[PDB]
Amino acid sequence: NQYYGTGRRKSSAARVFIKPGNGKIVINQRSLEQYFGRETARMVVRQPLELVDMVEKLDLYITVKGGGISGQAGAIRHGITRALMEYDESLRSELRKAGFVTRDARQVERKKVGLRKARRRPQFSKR
Amino acid sequence: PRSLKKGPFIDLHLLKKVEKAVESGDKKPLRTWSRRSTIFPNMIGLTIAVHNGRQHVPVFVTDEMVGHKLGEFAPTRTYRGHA
Amino acid sequence: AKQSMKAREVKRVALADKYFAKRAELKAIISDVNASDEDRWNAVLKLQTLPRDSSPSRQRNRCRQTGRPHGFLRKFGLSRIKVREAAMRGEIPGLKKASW
Amino acid sequence: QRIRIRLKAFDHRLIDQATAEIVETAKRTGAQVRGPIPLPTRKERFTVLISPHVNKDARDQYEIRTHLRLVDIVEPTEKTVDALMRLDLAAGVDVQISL
Amino acid sequence: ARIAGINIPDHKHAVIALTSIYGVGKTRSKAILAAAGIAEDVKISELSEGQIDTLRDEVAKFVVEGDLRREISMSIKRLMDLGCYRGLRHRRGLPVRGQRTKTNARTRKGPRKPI
Amino acid sequence: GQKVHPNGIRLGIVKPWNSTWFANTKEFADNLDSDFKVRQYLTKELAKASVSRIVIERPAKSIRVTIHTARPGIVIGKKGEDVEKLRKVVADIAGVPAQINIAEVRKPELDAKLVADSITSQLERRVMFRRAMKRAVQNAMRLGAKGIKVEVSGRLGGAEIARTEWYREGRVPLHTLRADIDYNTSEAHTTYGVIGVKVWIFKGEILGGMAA
Amino acid sequence: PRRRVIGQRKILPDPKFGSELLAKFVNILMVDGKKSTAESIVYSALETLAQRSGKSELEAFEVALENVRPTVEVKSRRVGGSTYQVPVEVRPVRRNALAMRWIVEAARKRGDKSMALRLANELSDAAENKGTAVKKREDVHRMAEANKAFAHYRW
RNA sequence: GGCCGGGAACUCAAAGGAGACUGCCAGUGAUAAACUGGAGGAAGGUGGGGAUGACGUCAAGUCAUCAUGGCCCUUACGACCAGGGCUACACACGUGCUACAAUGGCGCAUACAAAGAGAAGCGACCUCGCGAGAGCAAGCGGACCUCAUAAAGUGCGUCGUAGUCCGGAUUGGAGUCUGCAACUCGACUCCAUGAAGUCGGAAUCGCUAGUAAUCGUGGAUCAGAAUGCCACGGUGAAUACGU
RNA sequence: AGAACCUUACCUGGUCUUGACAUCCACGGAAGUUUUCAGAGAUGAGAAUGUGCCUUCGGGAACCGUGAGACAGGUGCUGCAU
Ligand SMILES: [K+]
Ligand SMILES: [Mg+2]
Ligand SMILES: [Mg+2]
Ligand SMILES: [Mg+2]
Ligand SMILES: [Mg+2]
Ligand SMILES: [Mg+2]
Ligand SMILES: [Mg+2]
Ligand SMILES: [Mg+2]
Ligand SMILES: [Mg+2]
Ligand SMILES: [Mg+2]
Ligand SMILES: [Mg+2]
Ligand SMILES: [Mg+2]
Ligand SMILES: [Mg+2]
């Protein structure tokens, strides 16, 4: 059946459905090369299907929302990793040693009082 | 500048006082505080003593001032160099 | 602020509420593109003769406890100092110190 | 036709009390409801200078959280509507009924 | 090429080549090229003398170069001779359109004059 | 340095609000001005009646004012003839039907508004400030308070240089947000100027949160 | 710094060659967070370099890195009323870092048309053992071989 | 066209819980506290960030938020009005913004946000205007409608190292909007103008990771008037041997 | 957390003196509305219109104006009295 994963990265959420199939990848009613023009974003999408050596063995149906290009691609990678763990569950050790089971908890630090940015203090003059 | 769909602006007290002046041939200066009023072609030939903050500067109206406010010819700030 | 300044703000609010409707229709027939030019012109003259303090643009939002013309908030009707004081005393419902 | 009740409050606990009270009322009387949907709460933030003079980097950050809960009644019988606007809800709760 | 009274740079594309006229910028040049029916990417050196002639002929309805310098001088001279606020700012070399002179009036006032 | 207000930092944790109505943006400033007006009137009217907190609720086309006081007998009056006239003046000041409920505090030496008000009235009646602060502190520690701090500031005893003096017994854990610290303040208007009184009373930590 | 020890941040190998070395070189060349345009600059420069050199991209980039990589740098130390430049052997990760920053700074100081052409010329000159980055290595090694006595004593 | 019947799985929303405690394991230690490493786990040792500021110091700031002792004025130091000033300008400094360009300028096409606001308000769609904007007017007190097709990016083309197709100051003319009123002294638009500037002396500032750098977006104040402030996402580094 | 007027505390000039903002006393008018002239406006002189609510049959409440003095007012000074 359809093995499901949720991935999240920054502001992006990715719903990933895994079906044993030919090797198709569809993200938001578009292919991987149509949706992600960034070749490093395509690389991190194909990253969990490289150590498992199942690049052309599953059909990937992905709906993603929020965030930008690399955030969406990282959320898609986390969703592929989760759904692969739902589908097999022995890939847990290899995906953990690669570091894809971990949700990257790095969010945008808030803009604070008295700083121009999250940490950027304005220019200081003793006199 | 003010929109053309709303016309030009002139203060009534001045408009009525310059209609009276151009009707009676008044040659005394038109004393006013209304620096925001646009010069119309019926002030031509009259002198208008427009306020600037502390005295009324008299400006004689020529053909070239039509479409300008009264306050452009009364300088408010006094400056005579620094050193 | 001064009692004279609070009285000025009250008188401007009262004059705006008194002359709100006729200035609105005066501005409507000034900005109407189908109106005649003499009508628009006489309406400009009538807007001029209408009192200046009756114009809603002349109101300065003051704190309703002190009269402060700076640091206003429209939600609480108060200056920032009285907003902080009433927020700490808990007289403003739902307002607490935020962190995220 | 259907009864739409929107519930607004500053605190979530008494708005849960009010929404549980009206769904019990409409489940006690002859009607059925469509569970209370928790709709996104509005966090209106304020930043206020805390010094009476100068000190611009000294500020308090305030927030009002306006919780909203929506409850549906798909079949308004002749007594549940009268019980709805006869029911007494909490003091800091706004209840809007649309027909 | 010699359009109006000055020399147009031959090595550049028509649009920019035409912007080299006092009175013609980018959109006025575009309008000139679009009314002449010549691409803006073609170099002026790679187009015929009839195209040069009609480029001259429809540059000629835009008051430009020395006539525009005469009109601009006449407007500024009318302000200065009239003696309004804009006239006194033009006479004293100060900013005319309400900018600050406590700092940063350097374009109108020239380089810095130490006391 | 400067300390945060211990009631405002605990609002929504262990301390409830003094105003519990809902309004939109359209009615918020009007409701806050009405609440300020009725609280100012009730404070000026019952300055001699030992009022600690005036809680205002505004339900649908009504206002309910709960007066937590230490002397509800003189607050209510003879056959409630006074609280009826209070309800009348509160109604024609808020501009809406009013109901006034009277809550009685049982320990007036454990509520920080009444303690600071008693210290202020003693300072206007020219008792020694050390004696007033030590009495208030000893009354609270004897009647149960898990702690009290009393701070009194500004021209103490008519001195030309203002001082801040404070006494504290027991725990006053001001950084513990779950700690039920009741804090209030008063101002004595003496002939040498204003003397500010701050009172913190710790009544034990609250486990459970706002539901308790 | 003083107390804490820094864990190493994982960088992703580049998508064309799988090289963390070229990933660092992109990031070193990156500006204002534009890694795409940075990757396009290194990819076009590596393509023209590889066409020009003959061997592969990672072999020619590695032989350029072996020609700017320093082995000894001079640290500044104040001894009394004078300064000693004291020679110190450097770690391999700093060798790579210093080499890639000197390549990026030399190709930024060059005067070709595009950054990819500047970088390709700098990598070709580095493979041919000349240019600004190799001269910076020779100046650093000249200062170290001049002041080797100070390091001698320091040990 | 989630467009429709539908479904409650998913995203998400907002309530309640669970989870992280040096809890387990192995070394070091003084049979201790604790340290280091490992497993498991989404997160590991304070997981990240905020709120939270001890006794006191500087007779620090505020009598112009407010309150207040004292002093001073009371046909004036109080009050009202019109106009002006707070916007001046030989100069000096602080804090920003935009640049000096090719990691870019421009033109066409196209992808991906997060937070927020709205009734004397946000104002679609259609028509007109080169544009600012105008007319008609739907929806929305809002997970609905509107503000509001995000930009950097990507793809194609062009410019070819020049004070330039860089830059956008200044100025002339023509306008739009708001407001009684845009001269002093508003913002914006169009057309023309096209200033300095080619990376900055001594010196000096910020920042250890989703940070710096940059790229847009929203809010308060507000009739109008942000390069300021407050907040929000997108891309996203380098470096820390060491005291 | 936003000076074109307003804000505004400053200047010039024109104006008011129990006062712009209150409470208290006495007298007279319900308030409110429309409109003319002069003045830069403040303001002053008018014209026309309206006479409402509750008692009680004597007057009240709201509001306006006049007159007197208790005062009102002060973003005036001292943050080194607070
Ligand atoms: K103080
Ligand atoms: Mg950011
Ligand atoms: Mg204003
Ligand atoms: Mg571990
Ligand atoms: Mg703590
Ligand atoms: Mg001092
Ligand atoms: Mg004035
Ligand atoms: Mg290009
Ligand atoms: Mg340009
Ligand atoms: Mg909303
Ligand atoms: Mg130059
Ligand atoms: Mg002013
Ligand atoms: Mg002090």
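Just the heavy atoms: all of them, side chains too, but no hydrogens, waters or symmetry mates, feed the values below. Chain naming here is simple, since letters A, B, ... match the order of the sequence lines and numbering starts at 1 in each.
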Over how many whole Å does the gap from E:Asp41 atom CG to H:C108 atom P extend? 14 Å

May I ask you to verify whether the side chain of B:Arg35 and the base of H:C183 hold a donor-acceptor pair under 3.5 Å? yes

When you compare the pyrimidine-type six-membered rings of H:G38 and the adjacent H:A39, are the centres under 5.5 angstrom apart while the planes stay under 30 degrees? yes

Please give, in whole Å, the distance from H:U65 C1' to C:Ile81 CD1? 4 Å

Do H:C89 and H:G160 make a Watson-Crick or G-U wobble pair, both distances under 3.5 Å? no

Sort out the partner of H:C140 for me: Watson-Crick or G-U wobble, both distances under 3.5 Å, none otherwise. H:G121

Base-over-base contact, H:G224 with H:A225: centres under 5.5 Å, angle under 30°: yes

When you get a sec, tell me which of H:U176, I:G2, H:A59 is the closest nucleotide to the side chain of F:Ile161? H:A59

Would B:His82 count as stacking on H:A90 if stacking means ring centres less than 5.5 angstrom apart and planes tilted under 30 degrees? yes

Identify the nucleotide, in any strand shown, that forms a Watson-Crick or G-U wobble pair with H:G107, with both distances under 3.5 Å; if there is none, say none. H:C156

Among H:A192, H:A213, H:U170, the one nearest any side-chain atom of E:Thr107 is H:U170

Nucleotide nearest F:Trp166 (side chain, heavy atoms from C-beta), chosen from H:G56, H:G41, H:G210: H:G56

Of the candidate nucleotides H:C10, H:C80, H:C183, which contains the atom at the shortest distance from the side chain of C:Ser4? H:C80

I'd like to know if the side chain of C:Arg80 reaches the main chain of D:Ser51, judged simply by a donor and an acceptor atom lying under 3.5 Å from each other, with no hydrogens or angles considered. yes

Donor-acceptor pair present, A:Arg9 side chain and H:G210 base, under 3.5 Å: yes

Determine whether a donor-acceptor pair (N or O, by modelled atom type, separation under 3.5 Å) exists between the side chain of D:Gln61 and the backbone of C:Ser99. no

Any N or O donor-acceptor pair under 3.5 Å from the base of H:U243 to the side chain of G:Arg2? yes

From the set H:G94, H:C241, H:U235, return the single nucleotide nearest to any side-chain atom of A:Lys10. H:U235

How many whole angstroms separate atom NZ of E:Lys26 from atom P of H:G168? 14 Å

Side chain of B:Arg36 only, heavy atoms from C-beta on: which candidate in H:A212, H:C180, I:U12 is closest? H:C180

Euclidean distance, atom CD of residue A:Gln72 to atom P of H:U154 [Å, nearest integer]: 17 Å

Enter syn or anti for the glycosidic conformation of H:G141, syn applying to angles within 90° of 0. syn

Between the base of H:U65 and the side chain of C:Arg80, is there a donor-acceptor distance below 3.5 Å? no

Whether the side chain of B:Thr76 and the base of H:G84 hold a donor-acceptor pair under 3.5 Å is what I'd like checked. no

Rounded to the nearest Å, what distance is computed from the CD atom of residue A:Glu39 to the P atom of nucleotide H:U235? 17 Å

Would you call H:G27 and H:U28 stacked when the test is ring centres under 5.5 Å and planes under 30°? yes

Which one, H:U171, H:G179, H:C183, comes nearest to the side chain of B:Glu72? H:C183

Give a yes or no on whether a donor-acceptor pair under 3.5 Å exists between the nucleobase atoms of H:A192, that is its base, and the side chain of E:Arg28. no

Donor-acceptor pair, distance only, cut-off 3.5 Å: does the side chain of A:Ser12 make one with the backbone of A:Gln72? yes

Could you tell me how far apart D:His67 (NE2) and H:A15 (P) are, to the nearest whole angstrom? 6 Å

Given H:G96, H:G50, H:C86, identify the nucleotide with an atom nearest to the side chain of A:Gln123. H:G96

How many Å lie between CZ on C:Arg52 and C1' on I:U43, as a whole number? 15 Å

What about D:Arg59: does its side chain form a donor-acceptor pair under 3.5 Å with the base of I:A1? yes

At a cut-off of 3.5 Å, list every protein nitrogen or oxygen paired with a nitrogen or oxygen from nucleotides 120-124 of chain H, distance to 0.1 Å.
from: H:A120; atom 1: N6; to: C:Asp17; atom 2: OD1; distance (Å): 3.1

Determine whether any donor atom in the side chain of A:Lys117 lies under 3.5 Å from an acceptor atom in the base of H:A213, or the reverse, and answer yes or no. yes

Taking F:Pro6's backbone N and O only, do any of them form a donor-acceptor pair with F:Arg10's side chain (distance below 3.5 Å, no angle check)? yes

According to the 5.5 Å centroid and 30° plane-angle thresholds, does B:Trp33 stack upon the nucleobase of H:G83? no

So which nucleotide from I:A9, H:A15, H:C165 ends up closest to the side chain of E:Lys12? H:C165

Judged by whether its glycosidic angle lies within 90° of 0, H:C188 is anti

Has the side chain of B:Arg35 got a donor or acceptor atom that lies under 3.5 Å from a matching backbone atom of B:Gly71? yes

Does a side-chain N-to-carboxylate-O contact under 4.0 Å join G:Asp112 and G:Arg118? no

Establish whether the base of H:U239 is bridged to the side chain of G:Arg9 by a donor-acceptor pair shorter than 3.5 Å. yes

Should the side chain of E:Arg78 and the base of H:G172 be counted as holding a donor-acceptor pair, with the cut-off at 3.5 Å? no

Look through every strand shown and name the nucleotide pairing with H:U217 as Watson-Crick or G-U wobble, where both distances are under 3.5 Å. H:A231

For the side chain of C:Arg58 and the base of I:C6, is some donor closer than 3.5 Å to an acceptor across the two? no

Value in whole Å for how far the P atom of I:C5 lies from CZ of C:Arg12: 12 Å

Syn or anti for H:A226? Use the chi torsion, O4'-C1'-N9-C4 for purines and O4'-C1'-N1-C2 for pyrimidines, with syn inside 90° of 0. syn

When you measure from the side chain of D:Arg42, which nucleotide among H:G118, H:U11, H:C183 comes out closest? H:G118

What residue among A:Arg8, A:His78, A:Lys10, A:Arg9 forms side-chain hydrogen bond (donor to acceptor under 3.5 Å, both in side chains) with A:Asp104? A:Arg9

Look at E:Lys30 together with E:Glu40 and state whether they make a salt bridge at an N to O cut-off of under 4.0 Å. no

